[PDB]
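Quick notes on the structure that follows.
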Amino acid sequence: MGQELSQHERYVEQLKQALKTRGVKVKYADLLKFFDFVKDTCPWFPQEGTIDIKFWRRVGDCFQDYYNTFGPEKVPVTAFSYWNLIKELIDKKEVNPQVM
């Protein structure tokens, strides 16, 4: 964290609790990074921050939902291509997530 918790940020924390009951186990920082990536989709083409591979699964499903909801405009095939580049950056740097 390290950032003030606004009413909107507090809602996400409660949402994460419900996700845990559904069977989700990810770091809280990953949730904050998720919002940053979404803003990078259009607002800033360049990416910034390390993305956890475990959370990547949620992004793939979340982005797919937005695609059908709106279309390729919100998340086109560029999202997958850009993610492929990120996978290499994180894959090159060894990390120790929750497990292994």
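Summary table below
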{"quantity": "Members of segment 1-49 that are among the β-branched types (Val, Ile, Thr) and surrounded by 14 or more Cβ atoms within 10 Å (Cβ to Cβ)", "calculated": "12, 24, 26, 38, 41"}
{"quantity": "Within segment 1-44, tally of residues that are over 15 Å from the mean Cα position of the chain (by Cα) and of a type in the set (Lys, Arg)", "calculated": "3"}
{"quantity": "Residues within segment 57-77 that are closer than 18 Å to residue 88 by Cα, crowded, with 16+ Cβ neighbours inside 10 Å and not aliphatic (A, V, I, L, M), tallied", "calculated": "0"}
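All Cβ positions, even for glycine, are placed from backbone atoms using ideal geometry, and neighbour counts span all protein chains on display. Each value in this text was obtained by applying a stated rule to the coordinates, not by laboratory testing.
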